[PDB]
């Protein structure tokens, strides 16, 4: 009847809008989107291509709070997320970069059939429409490889209309030679190491931010089989009652803006796309998760899957600055250094120490999931990551350099692959209550040591020629606070005191085999259910090197094909 649809997609965000778009391509399938926020079509702080940061702390920022971070000096961290049609794509930094090919290949090696770079690449392309650079932008260093960028996809990608060459970016380009990191034409072809003028998620015909709604929703909102409920919060799924021990989702419980708490039903499937900080909570509230936590919070267990909310992996981000003799200008540049780029002469002794620590990191992570992940299993997971870092020389850092205003040069930077793992769990069965989110930042020695290594490497870049002729001094942290010959620990103290979340959480409904603590299968179906999937950052089993939206769009495009395929029987 009147609350029944074929599919229900929970969360009209980065990933959810893809799935809703693709599923509604079949004009005889009905799709309901549920979104807690609303349209931001006309929110200027979203729409503004130069508006990054403006929306922080507003009504469209969930502004989730972590617990005290006991490995990082005790402070709680704000974890930002978009509450809006388009989700976190509405408030993010707009950077478009993907992942290392061999790091996606690891997903299949781990036991997830069909997930490799070769499998995913067509779906990156399918999502994308890249606008080639103008002359001004080419002189500023903009480039791309036509073979790895799409031209028909919903997500417009391009460079700023204001991009121009300037003394800072020109000097940086040459100074990177001294540092040993080559220029590359396109970081998005599976090999990310180098430095590059990366494109952004931007509509250059409007000069607006290209969020997921501008891409996958508004051009398609004429489809009468695609339905949207804004200001509508999904609280939990409910189930079909009947002695199928395997759980069949019947629908979703929802709260509307003006108070009505009701149900909507799905004839085929329910797709959960609320993000890595909410999808696992929705599962827990629906009885899918750790039965000890569920029972404690007065929820009946429906599926005993105790790693829902576990294996949370995030990065942390720090910032450095210097000051020119005069005004610094030009492009914003990304660098993706490997372990040997960052540590140079000392790489092999750094690698040996790391090697010698893996089993201890694994032993220590066991207690985080109260023994639900076994030591053996964490050792094998950490070995896959170690082998990427060292054997395959994937990038271990992102470093952004940009003009900071007038005299200023600013660098933002993060380690890509820390080993720390945490979790997120409901604090009660009230959907409106804040979860306990613990990413465990700085838990393991590598996580801090690598960040300090990156900082030391930036400091050296700023002092290298020809860039050094432009730069009078370092202003942050500056030599007074952290002297030129300072030890790793001196850096780690400062970085701990000054870090923020990089807002890249993954893993909270991980796609791995159930036997090593997976929550979803290789077709993104929740274990123990017939017809529930998770399609968002929750399912990435490991961190990726680049900025998340590109990979999340690709995963949602591929997921969509799998869902369609599965329907051509049932």
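Positions refer to the first chain, counted from 1.
The PDB entry records a higher mean C-alpha B factor for 50-58 than for its counterpart among 50-58 and 534-542. Higher mean CA temperature factor, per the PDB entry, when comparing 24-32 with 509-517: 24-32.
Note on 385, 97, 451, 256: the highest value goes to 256, judged by CA B factor as recorded. Highest CA B-factor among the listed residues (268, 425, 191, 393): 393. When the modelled residues of the chain are ordered by C-alpha B-factor, residue 341 sits in the middle third. Ranked against the other modelled residues of its chain, the C-alpha B-factor of residue 82 as given in the entry falls in the middle third. Sorting the modelled residues of the chain by their CA temperature factor places residue 325 in the highest third.
For residue 44, the recorded CA B-factor ranks within the highest third of the chain. Only modelled residues enter the ranking. Residue 218: CA B factor lies in the middle third for its chain, per the PDB record.
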